[PDB]
Amino acid sequence: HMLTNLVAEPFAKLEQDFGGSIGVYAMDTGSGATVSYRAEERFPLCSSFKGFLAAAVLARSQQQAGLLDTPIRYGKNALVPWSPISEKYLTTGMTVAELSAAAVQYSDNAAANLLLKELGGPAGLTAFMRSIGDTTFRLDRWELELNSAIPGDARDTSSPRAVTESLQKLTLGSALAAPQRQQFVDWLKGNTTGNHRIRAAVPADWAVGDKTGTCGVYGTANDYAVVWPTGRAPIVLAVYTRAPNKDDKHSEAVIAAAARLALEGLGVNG
């Protein structure tokens, strides 16, 4: 507590202008200082679960050395809306590693469902998260049903705090073996969908990896990231949004603005 919210930031004004709710957790891994706003509330994961999915695949590959190289064939019926990479390899197949990268870096929906099946479905991914000590995360459904984002529905949700804590364990801590840890980081660094979110608040000369989510309803969208500012320890953070009405629109600018406030609250000059 002593190191939480040392410097107040105007998150309430930001969410009121947005017309909804914003949840933020950010941790300076050097000192342990934190910024926290609505950090223990539940928000829909949307596609942000796909980062944790890829980490679970990497954990399994520690015991199955041939897993990442395994070629996966799939039919046209596997190709749900928003599958920009897997649609180009329908007639050839893709490896498990390639599906993982597509799920992370393009939010590919078909790739995510194929990998969920490999893990034993939503309960299997939830079990991996329990195994690293995350008691908040729950995945319940598959793509696209998990995007419904219904107000008050706990299915397919986590909290900004649990997301950040689990991201830290997987990218900087000991939850993955060292080669798998660096592969997870490298996939996050290569994400293509986050240029207008946390990355928009991060100077270009710092390294960063992230995973986004966009549910398409209830103003619900998000991003989480690891950030390496030069000359100091890394920062881990998560920014989640939602709104009361089904046709309320999400805002990328609001996510970038919340990330800027988080970095300011940690005293990180950007």
# chains A, B, ... in the order shown; residues from 1 in each chain; ligands from 1
>>> closest_atom_pairs(of="segment 22-63 of chain A", to="segment 136-143 of chain A", cutoff="9 Å", atoms="only C-alpha atoms", output="tab-separated table")
residue	atom	partner	partner_atom	distance
A:42	CA	A:136	CA	8.7
A:45	CA	A:139	CA	8.4
A:47	CA	A:143	CA	8.9
A:49	CA	A:139	CA	8.0
>>> residues_around(residues="residue 19 of chain A", least_positions_apart="5", cutoff="9 Å", atoms="only C-alpha atoms", output="MDAnalysis selection string")
chainID A and resid 14 219 242:244 248
>>> residues_around(residues="residue 153 of chain A", least_positions_apart="2", cutoff="12 Å", atoms="only C-alpha atoms", output="ChimeraX atom specification")
/A:41-45,138,140,146-151,155-158
>>> write_last_selection(atoms="N, CA and C atoms", output="mmCIF file, in the first residue's frame")
data_model
loop_
_atom_site.group_PDB
_atom_site.id
_atom_site.type_symbol
_atom_site.label_atom_id
_atom_site.label_comp_id
_atom_site.auth_asym_id
_atom_site.auth_seq_id
_atom_site.Cartn_x
_atom_site.Cartn_y
_atom_site.Cartn_z
ATOM 1 N N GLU A 41 -11.561 -4.657 -10.321
ATOM 2 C CA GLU A 41 -12.818 -4.927 -11.009
ATOM 3 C C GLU A 41 -12.584 -5.860 -12.183
ATOM 4 N N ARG A 42 -13.639 -6.607 -12.533
ATOM 5 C CA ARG A 42 -13.605 -7.472 -13.712
ATOM 6 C C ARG A 42 -13.954 -6.697 -14.970
ATOM 7 N N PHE A 43 -13.195 -6.963 -16.026
ATOM 8 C CA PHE A 43 -13.439 -6.478 -17.374
ATOM 9 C C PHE A 43 -13.348 -7.652 -18.337
ATOM 10 N N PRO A 44 -14.099 -7.630 -19.453
ATOM 11 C CA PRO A 44 -13.952 -8.685 -20.467
ATOM 12 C C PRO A 44 -12.538 -8.705 -21.035
ATOM 13 N N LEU A 45 -12.009 -9.929 -21.200
ATOM 14 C CA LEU A 45 -10.708 -10.143 -21.824
ATOM 15 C C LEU A 45 -10.714 -9.777 -23.307
ATOM 16 N N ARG A 138 -10.630 -16.025 -15.746
ATOM 17 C CA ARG A 138 -11.478 -17.134 -16.195
ATOM 18 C C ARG A 138 -11.762 -16.994 -17.680
ATOM 19 N N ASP A 140 -14.236 -19.014 -20.369
ATOM 20 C CA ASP A 140 -15.435 -19.825 -20.310
ATOM 21 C C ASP A 140 -15.917 -20.290 -21.678
ATOM 22 N N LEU A 146 -17.207 -15.440 -26.802
ATOM 23 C CA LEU A 146 -16.561 -14.801 -25.657
ATOM 24 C C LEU A 146 -16.494 -13.285 -25.748
ATOM 25 N N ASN A 147 -16.865 -12.685 -26.883
ATOM 26 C CA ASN A 147 -16.849 -11.229 -27.041
ATOM 27 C C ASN A 147 -18.130 -10.518 -26.604
ATOM 28 N N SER A 148 -19.123 -11.227 -26.049
ATOM 29 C CA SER A 148 -20.425 -10.609 -25.779
ATOM 30 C C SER A 148 -20.365 -9.449 -24.773
ATOM 31 N N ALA A 149 -19.457 -9.494 -23.795
ATOM 32 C CA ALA A 149 -19.162 -8.336 -22.950
ATOM 33 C C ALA A 149 -20.400 -7.796 -22.230
ATOM 34 N N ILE A 150 -21.273 -8.703 -21.802
ATOM 35 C CA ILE A 150 -22.539 -8.307 -21.180
ATOM 36 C C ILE A 150 -22.286 -7.677 -19.813
ATOM 37 N N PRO A 151 -22.882 -6.514 -19.504
ATOM 38 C CA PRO A 151 -22.656 -5.893 -18.185
ATOM 39 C C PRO A 151 -23.026 -6.848 -17.053
ATOM 40 N N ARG A 155 -18.233 -14.223 -17.023
ATOM 41 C CA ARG A 155 -17.590 -15.133 -17.958
ATOM 42 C C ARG A 155 -16.539 -14.385 -18.786
ATOM 43 N N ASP A 156 -15.398 -15.037 -19.068
ATOM 44 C CA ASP A 156 -14.385 -14.488 -19.992
ATOM 45 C C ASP A 156 -13.879 -13.118 -19.543
ATOM 46 N N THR A 157 -13.563 -13.006 -18.246
ATOM 47 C CA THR A 157 -13.070 -11.776 -17.641
ATOM 48 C C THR A 157 -11.823 -12.033 -16.799
ATOM 49 N N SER A 158 -11.083 -10.952 -16.563
ATOM 50 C CA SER A 158 -10.101 -10.895 -15.481
ATOM 51 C C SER A 158 -10.090 -9.474 -14.927
#
>>> residues_around(residues="residue 61 of chain A", least_positions_apart="4", cutoff="12 Å", atoms="only C-alpha atoms", output="number ranges by chain")
A: 54-57, 65-70, 96-97, 118-119, 176-177, 179-181, 183
>>> write_last_selection(atoms="N, CA and C atoms", output="PDB file, in the first residue's frame")
ATOM      1  N   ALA A  54      -0.865 -18.195 -25.866  1.00  0.00           N
ATOM      2  CA  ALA A  54       0.448 -18.499 -26.435  1.00  0.00           C
ATOM      3  C   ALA A  54       1.442 -18.886 -25.344  1.00  0.00           C
ATOM      4  N   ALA A  55       1.369 -18.229 -24.172  1.00  0.00           N
ATOM      5  CA  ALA A  55       2.250 -18.608 -23.061  1.00  0.00           C
ATOM      6  C   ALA A  55       1.980 -20.038 -22.592  1.00  0.00           C
ATOM      7  N   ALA A  56       0.695 -20.425 -22.528  1.00  0.00           N
ATOM      8  CA  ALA A  56       0.348 -21.786 -22.134  1.00  0.00           C
ATOM      9  C   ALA A  56       0.894 -22.808 -23.126  1.00  0.00           C
ATOM     10  N   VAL A  57       0.835 -22.490 -24.424  1.00  0.00           N
ATOM     11  CA  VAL A  57       1.441 -23.352 -25.446  1.00  0.00           C
ATOM     12  C   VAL A  57       2.941 -23.504 -25.207  1.00  0.00           C
ATOM     13  N   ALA A  65       8.859 -31.442 -26.852  1.00  0.00           N
ATOM     14  CA  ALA A  65       9.849 -30.717 -27.643  1.00  0.00           C
ATOM     15  C   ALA A  65       9.492 -30.615 -29.124  1.00  0.00           C
ATOM     16  N   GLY A  66       8.581 -31.441 -29.622  1.00  0.00           N
ATOM     17  CA  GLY A  66       8.161 -31.330 -31.002  1.00  0.00           C
ATOM     18  C   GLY A  66       6.906 -30.511 -31.229  1.00  0.00           C
ATOM     19  N   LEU A  67       6.347 -29.915 -30.180  1.00  0.00           N
ATOM     20  CA  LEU A  67       5.024 -29.299 -30.288  1.00  0.00           C
ATOM     21  C   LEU A  67       5.034 -28.101 -31.233  1.00  0.00           C
ATOM     22  N   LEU A  68       5.995 -27.191 -31.063  1.00  0.00           N
ATOM     23  CA  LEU A  68       5.950 -25.938 -31.816  1.00  0.00           C
ATOM     24  C   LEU A  68       6.067 -26.180 -33.316  1.00  0.00           C
ATOM     25  N   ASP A  69       6.812 -27.215 -33.720  1.00  0.00           N
ATOM     26  CA  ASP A  69       7.022 -27.576 -35.116  1.00  0.00           C
ATOM     27  C   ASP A  69       5.894 -28.403 -35.716  1.00  0.00           C
ATOM     28  N   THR A  70       4.871 -28.759 -34.943  1.00  0.00           N
ATOM     29  CA  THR A  70       3.842 -29.665 -35.442  1.00  0.00           C
ATOM     30  C   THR A  70       2.943 -28.949 -36.447  1.00  0.00           C
ATOM     31  N   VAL A  96       2.126 -25.045 -35.051  1.00  0.00           N
ATOM     32  CA  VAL A  96       1.666 -24.534 -33.756  1.00  0.00           C
ATOM     33  C   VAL A  96       2.330 -23.197 -33.430  1.00  0.00           C
ATOM     34  N   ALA A  97       3.646 -23.074 -33.658  1.00  0.00           N
ATOM     35  CA  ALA A  97       4.317 -21.799 -33.410  1.00  0.00           C
ATOM     36  C   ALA A  97       3.736 -20.684 -34.278  1.00  0.00           C
ATOM     37  N   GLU A 118      -6.099 -27.548 -28.561  1.00  0.00           N
ATOM     38  CA  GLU A 118      -4.894 -28.270 -28.158  1.00  0.00           C
ATOM     39  C   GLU A 118      -4.723 -28.310 -26.643  1.00  0.00           C
ATOM     40  N   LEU A 119      -5.165 -27.264 -25.940  1.00  0.00           N
ATOM     41  CA  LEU A 119      -4.997 -27.136 -24.495  1.00  0.00           C
ATOM     42  C   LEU A 119      -6.144 -27.728 -23.685  1.00  0.00           C
ATOM     43  N   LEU A 176       7.907 -19.356 -16.996  1.00  0.00           N
ATOM     44  CA  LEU A 176       8.399 -20.085 -18.157  1.00  0.00           C
ATOM     45  C   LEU A 176       9.904 -20.287 -18.028  1.00  0.00           C
ATOM     46  N   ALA A 177      10.406 -21.375 -18.604  1.00  0.00           N
ATOM     47  CA  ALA A 177      11.850 -21.532 -18.732  1.00  0.00           C
ATOM     48  C   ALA A 177      12.417 -20.435 -19.639  1.00  0.00           C
ATOM     49  N   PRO A 179      14.348 -19.989 -22.402  1.00  0.00           N
ATOM     50  CA  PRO A 179      14.136 -19.876 -23.859  1.00  0.00           C
ATOM     51  C   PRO A 179      12.692 -19.558 -24.211  1.00  0.00           C
ATOM     52  N   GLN A 180      11.742 -20.203 -23.529  1.00  0.00           N
ATOM     53  CA  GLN A 180      10.319 -19.962 -23.779  1.00  0.00           C
ATOM     54  C   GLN A 180       9.913 -18.547 -23.369  1.00  0.00           C
ATOM     55  N   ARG A 181      10.468 -18.051 -22.262  1.00  0.00           N
ATOM     56  CA  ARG A 181      10.215 -16.681 -21.834  1.00  0.00           C
ATOM     57  C   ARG A 181      10.595 -15.691 -22.926  1.00  0.00           C
ATOM     58  N   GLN A 183      10.943 -16.257 -26.143  1.00  0.00           N
ATOM     59  CA  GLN A 183      10.038 -16.404 -27.284  1.00  0.00           C
ATOM     60  C   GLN A 183       8.715 -15.679 -27.042  1.00  0.00           C
TER      61      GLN A 183
END
>>> residues_around(residues="segment 81-93 of chain A", least_positions_apart="6", cutoff="7 Å", atoms="only C-alpha atoms", output="compact mmCIF listing (two decimals) with N, CA, C and O atoms, in the first residue's frame")
# COMPACT_ATOMS: atom_id res chain seq x y z
N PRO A 71 2.76 -29.49 -37.66
CA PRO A 71 1.88 -28.84 -38.65
C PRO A 71 0.41 -29.16 -38.40
O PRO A 71 0.04 -30.33 -38.21
N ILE A 72 -0.44 -28.12 -38.40
CA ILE A 72 -1.87 -28.24 -38.14
C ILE A 72 -2.63 -27.90 -39.42
O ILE A 72 -2.54 -26.77 -39.93
N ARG A 73 -3.38 -28.87 -39.93
CA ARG A 73 -4.30 -28.66 -41.02
C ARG A 73 -5.67 -28.32 -40.45
O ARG A 73 -6.02 -28.69 -39.32
N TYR A 74 -6.45 -27.57 -41.22
CA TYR A 74 -7.78 -27.16 -40.76
C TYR A 74 -8.69 -26.94 -41.97
O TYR A 74 -8.22 -26.68 -43.08
N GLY A 75 -10.01 -27.10 -41.74
CA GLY A 75 -10.98 -26.90 -42.80
C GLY A 75 -11.53 -25.48 -42.85
O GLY A 75 -11.32 -24.65 -41.97
N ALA A 102 0.35 -15.79 -34.88
CA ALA A 102 -0.80 -15.13 -35.50
C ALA A 102 -1.84 -14.69 -34.47
O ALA A 102 -2.44 -13.61 -34.60
N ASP A 108 -5.64 -13.30 -34.51
CA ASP A 108 -6.30 -14.24 -35.44
C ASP A 108 -7.25 -15.17 -34.67
O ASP A 108 -6.83 -15.93 -33.79
N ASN A 109 -8.55 -15.13 -35.02
CA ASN A 109 -9.56 -15.89 -34.26
C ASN A 109 -9.51 -17.39 -34.55
O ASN A 109 -9.63 -18.21 -33.62
N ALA A 110 -9.39 -17.80 -35.81
CA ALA A 110 -9.28 -19.24 -36.10
C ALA A 110 -8.06 -19.84 -35.41
O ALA A 110 -8.13 -20.94 -34.84
N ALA A 111 -6.92 -19.15 -35.46
CA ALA A 111 -5.73 -19.65 -34.80
C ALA A 111 -5.97 -19.85 -33.31
O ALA A 111 -5.53 -20.84 -32.71
>>> closest_residue(among="A:254, A:263, A:7, A:235", to="residue 30 of chain A", atoms="only C-alpha atoms")
A:235
>>> select_by_dssp(residues="segment 12-248 of chain A", states="alpha helix (DSSP H)", output="PyMOL selection string")
chain A and resi 12-18+49-61+96-106+109-119+121-131+160-171+178-189
>>> closest_residue(among="A:193, A:34, A:251, A:159", to="residue 217 of chain A", atoms="only C-alpha atoms")
A:251
>>> atom_distance(atom1="atom CA of residue 23 of chain A", atom2="atom CA of residue 240 of chain A")
5.1 Å
>>> closest_residue(among="A:167, A:202, A:2, A:116", to="residue 261 of chain A", atoms="only C-alpha atoms")
A:202
>>> residues_around(residues="segment 230-232 of chain A", least_positions_apart="2", cutoff="7 Å", atoms="only C-alpha atoms", output="list in words")
residues 206, 228 and 234 of chain A
>>> write_last_selection(atoms="N, CA, C and O atoms", output="PDB file, in the first residue's frame")
ATOM      1  N   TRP A 206      12.363   3.137 -26.721  1.00  0.00           N
ATOM      2  CA  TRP A 206      12.218   2.092 -25.709  1.00  0.00           C
ATOM      3  C   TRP A 206      11.653   0.828 -26.355  1.00  0.00           C
ATOM      4  O   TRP A 206      10.780   0.900 -27.223  1.00  0.00           O
ATOM      5  N   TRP A 228      10.380  -1.587 -21.640  1.00  0.00           N
ATOM      6  CA  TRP A 228      11.757  -1.461 -21.158  1.00  0.00           C
ATOM      7  C   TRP A 228      12.261  -0.036 -21.405  1.00  0.00           C
ATOM      8  O   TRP A 228      12.881   0.243 -22.451  1.00  0.00           O
ATOM      9  N   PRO A 234      12.197  -2.620 -16.033  1.00  0.00           N
ATOM     10  CA  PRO A 234      10.980  -2.617 -16.855  1.00  0.00           C
ATOM     11  C   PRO A 234       9.720  -2.302 -16.054  1.00  0.00           C
ATOM     12  O   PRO A 234       9.650  -2.457 -14.833  1.00  0.00           O
TER      13      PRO A 234
END
>>> select_by_dssp(residues="segment 141-210 of chain A", states="strand (DSSP E)", output="list in words")
residues 157, 158, 207, 208, 209 and 210 of chain A
>>> write_last_selection(atoms="C-alpha atoms", output="PDB file, in the first residue's frame")
ATOM      1  CA  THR A 157     -13.070 -11.776 -17.641  1.00  0.00           C
ATOM      2  CA  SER A 158     -10.101 -10.895 -15.481  1.00  0.00           C
ATOM      3  CA  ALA A 207      11.470  -1.596 -26.302  1.00  0.00           C
ATOM      4  CA  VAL A 208       7.885  -2.762 -25.821  1.00  0.00           C
ATOM      5  CA  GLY A 209       5.671  -5.788 -26.344  1.00  0.00           C
ATOM      6  CA  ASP A 210       1.879  -5.841 -26.017  1.00  0.00           C
TER       7      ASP A 210
END
>>> residues_around(residues="residue 6 of chain A", least_positions_apart="5", cutoff="9 Å", atoms="only C-alpha atoms", output="JSON list (two decimals) with N, CA and C atoms, in the first residue's frame")
[["chain", "number", "residue", "atom", "x", "y", "z"],
["A", 33, "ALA", "N", 6.78, 0.08, -6.85],
["A", 33, "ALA", "CA", 5.73, 1.09, -6.84],
["A", 33, "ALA", "C", 4.67, 0.78, -7.90],
["A", 34, "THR", "N", 3.43, 1.18, -7.62],
["A", 34, "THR", "CA", 2.31, 0.87, -8.48],
["A", 34, "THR", "C", 1.36, 2.05, -8.66],
["A", 35, "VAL", "N", 0.64, 2.03, -9.78],
["A", 35, "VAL", "CA", -0.50, 2.89, -10.06],
["A", 35, "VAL", "C", -1.71, 1.96, -10.22],
["A", 265, "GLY", "N", 2.31, 8.65, -13.28],
["A", 265, "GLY", "CA", 2.13, 8.34, -11.87],
["A", 265, "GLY", "C", 3.30, 7.56, -11.28],
["A", 266, "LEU", "N", 4.01, 6.79, -12.12],
["A", 266, "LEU", "CA", 5.21, 6.08, -11.70],
["A", 266, "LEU", "C", 6.47, 6.94, -11.75]]
>>> atom_distance(atom1="atom CA of residue 1 of chain A", atom2="atom CA of residue 172 of chain A")
22.4 Å
>>> closest_atom_pairs(of="segment 8-120 of chain A", to="segment 194-201 of chain A", cutoff="12 Å", atoms="only C-alpha atoms", output="CSV")
residue,atom,partner,partner_atom,distance
A:24,CA,A:198,CA,11.6
A:26,CA,A:198,CA,11.6
A:48,CA,A:194,CA,11.3
A:104,CA,A:194,CA,10.9
A:105,CA,A:194,CA,9.0
A:106,CA,A:194,CA,9.6
A:107,CA,A:194,CA,10.5
>>> atom_distance(atom1="atom CA of residue 40 of chain A", atom2="atom CA of residue 8 of chain A")
17.7 Å
>>> closest_residue(among="A:53, A:268, A:99, A:22", to="residue 122 of chain A", atoms="only C-alpha atoms")
A:53
>>> closest_residue(among="A:224, A:52, A:187, A:11", to="residue 98 of chain A", atoms="only C-alpha atoms")
A:187
>>> closest_residue(among="A:246, A:169, A:189, A:260", to="residue 29 of chain A", atoms="only C-alpha atoms")
A:169
